[PDB]
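First structure 1, then structure 2: two forms of the same chain, each alone, as structure tokens.
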Structure 1
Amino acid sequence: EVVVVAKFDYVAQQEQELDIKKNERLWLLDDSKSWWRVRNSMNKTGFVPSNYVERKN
């Protein structure tokens, strides 16, 4: 984990997100993947690594 700095304020839109403020120092726990926000048929939401998602396109 590295220390990073928030560029902008961000207001979390779901409980799995973090509220941050511009210029806040944070610890970066994982930048090795692009996580995507997903929801299933059971109405549950969360994050999965992008490569686990298939868009039929």
Structure 2
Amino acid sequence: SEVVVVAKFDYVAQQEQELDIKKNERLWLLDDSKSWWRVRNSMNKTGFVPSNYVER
């Protein structure tokens, strides 16, 4: 579900896929049912997948 969220802290993005935000900024959370991990595969391609799709 799409909901509005508020930044608790500043965040300086470390990669182009990330977003710079400031404390108290309001953002659209596009899908509150989705959390993501950044993973890298055996072919050295990197990207995001849903957290519940992988496990230790």
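Only the largest set of C-alpha atoms that superpose within 1.5 Å between the two forms is called the rigid core. Each residue is numbered by where it sits in the sequence of structure 1, with counting from 1.
- In a rigid-core overlay of the protein, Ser41 has its C-alpha displaced by at least 2 Å between the two structures.
- In this core superposition, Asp31 moves its Cα by 2.4 Å between the two structures.
- Shown is the Cα shift of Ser50 between the two structures after rigid core superposition, which amounts to 1.9 Å.
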